[PDB]
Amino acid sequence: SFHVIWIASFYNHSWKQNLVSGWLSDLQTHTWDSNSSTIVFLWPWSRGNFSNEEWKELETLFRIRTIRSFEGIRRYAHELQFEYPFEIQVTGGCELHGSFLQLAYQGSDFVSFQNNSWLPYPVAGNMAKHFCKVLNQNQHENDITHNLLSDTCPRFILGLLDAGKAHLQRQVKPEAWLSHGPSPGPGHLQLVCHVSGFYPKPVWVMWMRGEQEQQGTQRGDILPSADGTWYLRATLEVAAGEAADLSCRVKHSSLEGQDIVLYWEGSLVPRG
């Protein structure tokens, strides 16, 4: 799986911002330098295996498409009822061994590219249909778009996943710690189990009483760290009397069955 995202912000006719990045699985692998119009390789294996000349062709292709995309939108904004300021987001990519290309206007589904042409989302209305008229004006450009999705993109993964799987298949052990959360109500405590630094993403964390999983465990969102690892808080609300013998248990692929077990204990209780 690989995809590219575009964030194009149209603040007024004279002011825009264009942010572009590439993603292998959920990992960021490429960025676009708006100045100098350069593809930036976040990892040594981000170049995949394509030659420097081929990347120049890809840079030129995206550069020209970017210039006439912004110009085309500004030319047709009034016909399309696009009111400044507005944001257009695009995501397109594939899966090796799943082509897609979707476009949003003001944060909602607007059009998508299917097989060989742009199709409007029915709910996006008549302006999405008018937009597809502009996008479908040149079938040859759509054939190139189709080939980017069905030929270039799968080929890019060949030379990207393999060249970097030493990264995507890393195992990084979590660390965990316990703290007090905000108290939920009178006479109750919130126990917080933090789990940090693990990779890959799948993880198991429960508050426990011995072997019994406490089904009040509330698992938060899995949140990113800049080093590529993940973080999560799992909270348990308990009555003040009933916090004895509670532990937080973490299971993760990197641990090879050796779960992290921390105990609500010591100054946390607090003991005497």
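Note that residue numbering follows the sequence shown and begins at 1. Superpose the two forms; the largest set of C-alphas matching within 1.5 Å is the rigid core.
Engineer: With everything overlaid on the rigid core, name the stretch, 49-57 or 206-214, whose CA atoms wander farther on average in 5 other deposited structures of this protein.
Structural biologist: Stretch with the larger root mean square C-alpha distance in 5 other deposited structures of this protein: 49-57.
Engineer: Between 112-120 and 177-185, report the one with more C-alpha displacement in 5 other deposited structures of this protein relative to this form after a rigid core superposition.
Structural biologist: When 112-120 and 177-185 are compared in 5 other deposited structures of this protein, the bigger C-alpha shift is seen for 177-185.
Engineer: When the other entries of this protein are compared, is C132 unmodelled in at least a third of them?
Structural biologist: Per the records, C132 is modelled in all the other entries.
Engineer: At least a third of the other compared entries lacking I88?
Structural biologist: That residue is present in all of the other compared entries.
Engineer: Between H97 and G98, determine how many residues of the deposited chain lack coordinates; answer none if the chain runs continuously, otherwise 1 to 3, 4 to 9, or 10 or more.
Structural biologist: According to the record, 4 to 9 deposited residues lack coordinates from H97 to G98.
Engineer: Mean C-alpha B-factor higher for 169-177, or for 143-151?
Structural biologist: The stretch with the larger mean CA B-factor is 143-151.
Engineer: Would you determine, from the values in the PDB entry, which of 256-264 and 16-24 has the greater average C-alpha temperature factor?
Structural biologist: The deposited B-factors put 16-24 ahead on the C-alpha mean.
Engineer: Quiz for you: based on the deposited Cα B-factor, which of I73, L191, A163, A124 is highest?
Structural biologist: When the deposited C-alpha B-factors of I73, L191, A163, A124 are compared, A163 is largest.
Engineer: In this PDB entry, which of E237, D245, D33, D221 has the top CA B-factor?
Structural biologist: In the PDB entry, the greatest C-alpha B-factor among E237, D245, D33, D221 is found at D33.
Engineer: Would you check the entry's CA temperature factor for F198 and let me know if it's in the chain's lowest, middle or highest third?
Structural biologist: For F198, the deposited C-alpha B-factor lands in the lowest third.
Engineer: For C132, return the chain-relative third of its C-alpha B-factor as stated in the PDB record: lowest, middle or highest.
Structural biologist: For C132, whose C-alpha B-factor we compare with every modelled residue in the chain, the answer is the middle third.
Engineer: Split the chain's modelled residues into thirds by Cα B-factor; is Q106 in the lowest, middle or highest one?
Structural biologist: Lowest third, going by the recorded CA B-factors of the chain.
Engineer: Quick check on the deposited entry: does the C-alpha B-factor of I88 sit in the lowest, middle or highest third of its chain?
Structural biologist: It falls in the bottom third of the chain.
Engineer: State the tercile, meaning the lowest, middle or highest third, of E211 with respect to the CA B-factors recorded for its chain.
Structural biologist: Its C-alpha B-factor belongs to the middle third of this chain's values.
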